[PDB]
Amino acid sequence: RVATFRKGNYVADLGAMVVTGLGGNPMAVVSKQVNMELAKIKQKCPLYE
DNA sequence: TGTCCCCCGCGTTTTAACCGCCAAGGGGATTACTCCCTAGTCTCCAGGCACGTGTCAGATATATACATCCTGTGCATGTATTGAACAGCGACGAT
């Protein structure tokens with residue numbers, strides 16, 4: 001259930017890509033082991049009707 | 001110590017206390033007289049007190065239940081502190 005759409009320069013994850021933090025998460029070590037570029041999420045989410 | 005008000009002092013206004021003098025009868029003081037009541041005396045005896053006794057109302061000891069008195073937990077709420085998640089600005093490389 002880990003799917004990633006790769007075509008040319010377009011990258012998009014159809015199942016798994018975001019995590020819920022690095023504090024205590026073994027994913028932090030996985031990121032230190034496997035080349036993972038981690039980008040923070042800006043929680044600003046505007047709403048339009 | 002601090003406030004508010006309750007008397008104190010003083011001038012002006014109002015009242016009746018006080019004094020002086022006369023007029024009158026109510027009642028207290030005083031006397032004379034009579035008898036009813038109480039002190040004094042005697043004899044008579046039961047009402048009242050000492051003495052003895054028997055016992056139950058009450059003091060004492062011991063066990064339990066009730067009251068209460070006070071301090072120590074809880075609660076709840078407000079506030080202070082701290083962590084985290086919004087927000088720079090600039091230098092760099094990739095496009």
# chains A, B, ... in the order shown; residues from 1 in each chain; ligands from 1
$ residues_around --residues "residue A:2" --least-positions-apart "2" --cutoff "8 Å" --atoms "only C-alpha atoms (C1' of nucleotides)" --output "list in words"
residues 4, 13, 14, 15 and 16 of chain A
$ write_last_selection --atoms "N, CA, C and O atoms" --output "short mmCIF file (atom, residue, chain, number, x, y, z; two decimals), in the first residue's frame"
data_model
loop_
_atom_site.label_atom_id
_atom_site.label_comp_id
_atom_site.auth_asym_id
_atom_site.auth_seq_id
_atom_site.Cartn_x
_atom_site.Cartn_y
_atom_site.Cartn_z
N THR A 4 3.70 5.22 -5.57
CA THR A 4 4.26 6.49 -6.00
C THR A 4 4.19 6.58 -7.52
O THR A 4 4.69 5.69 -8.22
N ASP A 13 2.39 10.65 -4.73
CA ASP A 13 2.18 9.44 -3.95
C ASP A 13 0.68 9.15 -3.86
O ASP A 13 -0.09 9.98 -3.38
N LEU A 14 0.29 7.97 -4.33
CA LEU A 14 -1.11 7.56 -4.36
C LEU A 14 -1.57 6.90 -3.08
O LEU A 14 -2.75 6.53 -2.98
N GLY A 15 -0.69 6.74 -2.09
CA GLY A 15 -1.07 6.04 -0.88
C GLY A 15 -0.41 6.52 0.39
O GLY A 15 -1.08 6.76 1.41
N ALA A 16 0.92 6.67 0.34
CA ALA A 16 1.72 7.00 1.52
C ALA A 16 2.80 7.99 1.15
O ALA A 16 3.55 7.78 0.19
#
$ select_by_dssp --residues "chain A" --states "strand (DSSP E)" --output "VMD selection string"
chain A and resid 4 to 7 10 to 13
$ write_last_selection --atoms "N, CA and C atoms" --output "PDB file, in the first residue's frame"
ATOM      1  N   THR A   4       3.699   5.216  -5.570  1.00  0.00           N
ATOM      2  CA  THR A   4       4.259   6.491  -6.000  1.00  0.00           C
ATOM      3  C   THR A   4       4.195   6.583  -7.515  1.00  0.00           C
ATOM      4  N   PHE A   5       3.590   7.657  -8.015  1.00  0.00           N
ATOM      5  CA  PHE A   5       3.512   7.912  -9.447  1.00  0.00           C
ATOM      6  C   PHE A   5       4.752   8.681  -9.887  1.00  0.00           C
ATOM      7  N   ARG A   6       5.549   8.069 -10.759  1.00  0.00           N
ATOM      8  CA  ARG A   6       6.771   8.677 -11.275  1.00  0.00           C
ATOM      9  C   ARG A   6       6.714   8.669 -12.794  1.00  0.00           C
ATOM     10  N   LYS A   7       6.797   9.857 -13.396  1.00  0.00           N
ATOM     11  CA  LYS A   7       6.767   9.986 -14.853  1.00  0.00           C
ATOM     12  C   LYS A   7       7.505  11.273 -15.207  1.00  0.00           C
ATOM     13  N   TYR A  10       7.495  14.442 -12.711  1.00  0.00           N
ATOM     14  CA  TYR A  10       6.329  14.480 -11.840  1.00  0.00           C
ATOM     15  C   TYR A  10       6.406  13.357 -10.814  1.00  0.00           C
ATOM     16  N   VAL A  11       6.306  13.718  -9.538  1.00  0.00           N
ATOM     17  CA  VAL A  11       6.293  12.763  -8.439  1.00  0.00           C
ATOM     18  C   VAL A  11       5.015  12.980  -7.643  1.00  0.00           C
ATOM     19  N   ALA A  12       4.276  11.898  -7.402  1.00  0.00           N
ATOM     20  CA  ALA A  12       3.029  11.972  -6.656  1.00  0.00           C
ATOM     21  C   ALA A  12       2.768  10.624  -6.004  1.00  0.00           C
ATOM     22  N   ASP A  13       2.388  10.649  -4.731  1.00  0.00           N
ATOM     23  CA  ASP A  13       2.176   9.439  -3.946  1.00  0.00           C
ATOM     24  C   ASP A  13       0.683   9.147  -3.863  1.00  0.00           C
TER      25      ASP A  13
END
$ interface_residues --of "chain A" --to "chain B" --cutoff "10 Å" --atoms "only C-alpha atoms (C1' of nucleotides)" --output "NGL selection string"
:A and (42-44)
$ write_last_selection --atoms "N, CA and C atoms" --output "compact mmCIF listing (two decimals), in the first residue's frame"
# COMPACT_ATOMS: atom_id res chain seq x y z
N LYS A 42 3.14 23.28 6.04
CA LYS A 42 2.58 24.53 6.55
C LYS A 42 1.09 24.33 6.82
N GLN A 43 0.70 24.42 8.09
CA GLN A 43 -0.68 24.14 8.49
C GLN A 43 -1.68 25.19 8.03
N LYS A 44 -1.23 26.27 7.40
CA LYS A 44 -2.15 27.28 6.89
C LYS A 44 -2.97 26.70 5.75
$ select_by_dssp --residues "chain A" --states "helix (DSSP H, G or I)" --output "list in words"
residues 27, 28, 29, 30, 31, 32 and 33 of chain A
$ write_last_selection --atoms "C-alpha atoms" --output "JSON list (two decimals), in the first residue's frame"
[["chain", "number", "residue", "atom", "x", "y", "z"],
["A", 27, "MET", "CA", 10.88, 6.84, 10.67],
["A", 28, "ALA", "CA", 13.44, 9.46, 11.75],
["A", 29, "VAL", "CA", 16.13, 6.77, 11.75],
["A", 30, "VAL", "CA", 14.78, 5.41, 8.45],
["A", 31, "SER", "CA", 15.21, 8.91, 7.04],
["A", 32, "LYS", "CA", 18.76, 8.94, 8.41],
["A", 33, "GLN", "CA", 19.32, 5.54, 6.74]]
$ atom_distance --atom1 "atom CA of residue A:34" --atom2 "atom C1' of residue B:92"
25.0 Å
$ decode --residues "chain B" --atoms "C-alpha atoms (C1' of nucleotides)" --output "PDB file, in the first residue's frame"
ATOM      1  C1'  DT B   1      -6.197  56.122  63.484  1.00  0.00           C
ATOM      2  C1'  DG B   2     -10.026  58.136  61.215  1.00  0.00           C
ATOM      3  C1'  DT B   3     -14.832  59.826  60.589  1.00  0.00           C
ATOM      4  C1'  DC B   4     -19.269  61.509  61.758  1.00  0.00           C
ATOM      5  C1'  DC B   5     -22.321  63.383  65.146  1.00  0.00           C
ATOM      6  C1'  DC B   6     -23.604  64.415  69.610  1.00  0.00           C
ATOM      7  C1'  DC B   7     -23.404  67.409  73.078  1.00  0.00           C
ATOM      8  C1'  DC B   8     -21.404  72.103  75.019  1.00  0.00           C
ATOM      9  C1'  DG B   9     -21.480  76.715  75.122  1.00  0.00           C
ATOM     10  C1'  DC B  10     -24.049  81.085  74.299  1.00  0.00           C
ATOM     11  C1'  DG B  11     -27.547  84.611  72.826  1.00  0.00           C
ATOM     12  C1'  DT B  12     -32.467  85.322  72.598  1.00  0.00           C
ATOM     13  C1'  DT B  13     -37.276  83.891  73.576  1.00  0.00           C
ATOM     14  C1'  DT B  14     -40.861  81.704  76.672  1.00  0.00           C
ATOM     15  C1'  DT B  15     -42.731  79.971  81.032  1.00  0.00           C
ATOM     16  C1'  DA B  16     -43.889  79.322  85.690  1.00  0.00           C
ATOM     17  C1'  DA B  17     -41.470  79.020  89.987  1.00  0.00           C
ATOM     18  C1'  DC B  18     -41.454  81.679  94.021  1.00  0.00           C
ATOM     19  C1'  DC B  19     -43.045  85.012  97.455  1.00  0.00           C
ATOM     20  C1'  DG B  20     -46.337  87.593  99.932  1.00  0.00           C
ATOM     21  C1'  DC B  21     -50.905  87.610 102.029  1.00  0.00           C
ATOM     22  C1'  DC B  22     -55.567  86.225 103.110  1.00  0.00           C
ATOM     23  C1'  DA B  23     -59.487  82.910 103.700  1.00  0.00           C
ATOM     24  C1'  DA B  24     -61.372  78.263 105.445  1.00  0.00           C
ATOM     25  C1'  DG B  25     -62.377  73.827 107.063  1.00  0.00           C
ATOM     26  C1'  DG B  26     -60.340  69.012 107.362  1.00  0.00           C
ATOM     27  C1'  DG B  27     -58.531  66.298 110.392  1.00  0.00           C
ATOM     28  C1'  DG B  28     -55.325  65.285 113.969  1.00  0.00           C
ATOM     29  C1'  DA B  29     -54.572  65.881 118.931  1.00  0.00           C
ATOM     30  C1'  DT B  30     -56.437  65.644 123.439  1.00  0.00           C
ATOM     31  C1'  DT B  31     -59.747  63.981 127.269  1.00  0.00           C
ATOM     32  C1'  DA B  32     -63.075  61.504 129.574  1.00  0.00           C
ATOM     33  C1'  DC B  33     -65.457  56.904 130.119  1.00  0.00           C
ATOM     34  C1'  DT B  34     -66.474  51.860 129.766  1.00  0.00           C
ATOM     35  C1'  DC B  35     -65.671  47.198 128.850  1.00  0.00           C
ATOM     36  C1'  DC B  36     -63.664  43.732 126.235  1.00  0.00           C
ATOM     37  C1'  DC B  37     -59.420  41.414 126.009  1.00  0.00           C
ATOM     38  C1'  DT B  38     -55.267  39.689 127.561  1.00  0.00           C
ATOM     39  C1'  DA B  39     -51.654  38.596 131.480  1.00  0.00           C
ATOM     40  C1'  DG B  40     -51.471  35.817 135.233  1.00  0.00           C
ATOM     41  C1'  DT B  41     -52.609  31.516 137.809  1.00  0.00           C
ATOM     42  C1'  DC B  42     -53.780  26.761 138.414  1.00  0.00           C
ATOM     43  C1'  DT B  43     -54.762  21.722 136.839  1.00  0.00           C
ATOM     44  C1'  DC B  44     -55.016  18.504 133.113  1.00  0.00           C
ATOM     45  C1'  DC B  45     -52.922  15.634 129.155  1.00  0.00           C
ATOM     46  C1'  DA B  46     -51.852  14.725 124.435  1.00  0.00           C
ATOM     47  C1'  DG B  47     -49.153  16.731 120.887  1.00  0.00           C
ATOM     48  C1'  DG B  48     -44.399  16.754 119.966  1.00  0.00           C
ATOM     49  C1'  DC B  49     -39.737  15.030 120.472  1.00  0.00           C
ATOM     50  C1'  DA B  50     -35.949  11.370 121.433  1.00  0.00           C
ATOM     51  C1'  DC B  51     -34.823   6.878 120.435  1.00  0.00           C
ATOM     52  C1'  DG B  52     -34.667   2.756 117.919  1.00  0.00           C
ATOM     53  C1'  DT B  53     -35.130   0.360 113.494  1.00  0.00           C
ATOM     54  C1'  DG B  54     -35.924  -1.258 108.925  1.00  0.00           C
ATOM     55  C1'  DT B  55     -35.168  -0.421 103.675  1.00  0.00           C
ATOM     56  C1'  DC B  56     -35.247   1.582  99.338  1.00  0.00           C
ATOM     57  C1'  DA B  57     -33.896   6.184  96.951  1.00  0.00           C
ATOM     58  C1'  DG B  58     -29.741   7.452  95.651  1.00  0.00           C
ATOM     59  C1'  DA B  59     -24.592   7.617  95.348  1.00  0.00           C
ATOM     60  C1'  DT B  60     -20.623   4.796  93.019  1.00  0.00           C
ATOM     61  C1'  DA B  61     -18.232   1.973  89.607  1.00  0.00           C
ATOM     62  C1'  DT B  62     -17.990   0.425  85.158  1.00  0.00           C
ATOM     63  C1'  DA B  63     -19.318  -0.259  80.279  1.00  0.00           C
ATOM     64  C1'  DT B  64     -21.384   1.865  75.864  1.00  0.00           C
ATOM     65  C1'  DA B  65     -23.533   4.910  72.767  1.00  0.00           C
ATOM     66  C1'  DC B  66     -24.032  10.057  71.308  1.00  0.00           C
ATOM     67  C1'  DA B  67     -22.161  14.790  70.292  1.00  0.00           C
ATOM     68  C1'  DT B  68     -18.955  17.836  68.706  1.00  0.00           C
ATOM     69  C1'  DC B  69     -14.916  19.991  67.970  1.00  0.00           C
ATOM     70  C1'  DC B  70     -11.179  20.773  65.073  1.00  0.00           C
ATOM     71  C1'  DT B  71      -7.707  19.634  61.588  1.00  0.00           C
ATOM     72  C1'  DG B  72      -6.774  17.507  57.380  1.00  0.00           C
ATOM     73  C1'  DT B  73      -7.789  15.628  53.051  1.00  0.00           C
ATOM     74  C1'  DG B  74     -10.493  16.420  48.847  1.00  0.00           C
ATOM     75  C1'  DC B  75     -12.302  19.911  45.270  1.00  0.00           C
ATOM     76  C1'  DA B  76     -12.397  24.082  42.003  1.00  0.00           C
ATOM     77  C1'  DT B  77     -10.596  28.114  39.828  1.00  0.00           C
ATOM     78  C1'  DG B  78      -7.451  31.557  38.542  1.00  0.00           C
ATOM     79  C1'  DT B  79      -2.963  32.560  37.218  1.00  0.00           C
ATOM     80  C1'  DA B  80       1.723  32.040  35.804  1.00  0.00           C
ATOM     81  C1'  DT B  81       5.032  29.597  33.065  1.00  0.00           C
ATOM     82  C1'  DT B  82       6.686  27.176  29.169  1.00  0.00           C
ATOM     83  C1'  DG B  83       6.693  24.747  24.782  1.00  0.00           C
ATOM     84  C1'  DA B  84       5.322  24.810  20.194  1.00  0.00           C
ATOM     85  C1'  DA B  85       3.720  26.499  16.050  1.00  0.00           C
ATOM     86  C1'  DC B  86       2.507  30.264  13.335  1.00  0.00           C
ATOM     87  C1'  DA B  87       4.751  34.250  11.455  1.00  0.00           C
ATOM     88  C1'  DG B  88      10.994  37.016   9.111  1.00  0.00           C
ATOM     89  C1'  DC B  89      15.655  37.898   6.176  1.00  0.00           C
ATOM     90  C1'  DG B  90      19.217  36.522   3.584  1.00  0.00           C
ATOM     91  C1'  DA B  91      22.581  33.419   1.081  1.00  0.00           C
ATOM     92  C1'  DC B  92      22.841  29.697  -1.838  1.00  0.00           C
ATOM     93  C1'  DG B  93      22.235  26.583  -5.962  1.00  0.00           C
ATOM     94  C1'  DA B  94      19.219  24.907  -9.662  1.00  0.00           C
ATOM     95  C1'  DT B  95      16.597  26.103 -13.558  1.00  0.00           C
TER      96       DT B  95
END
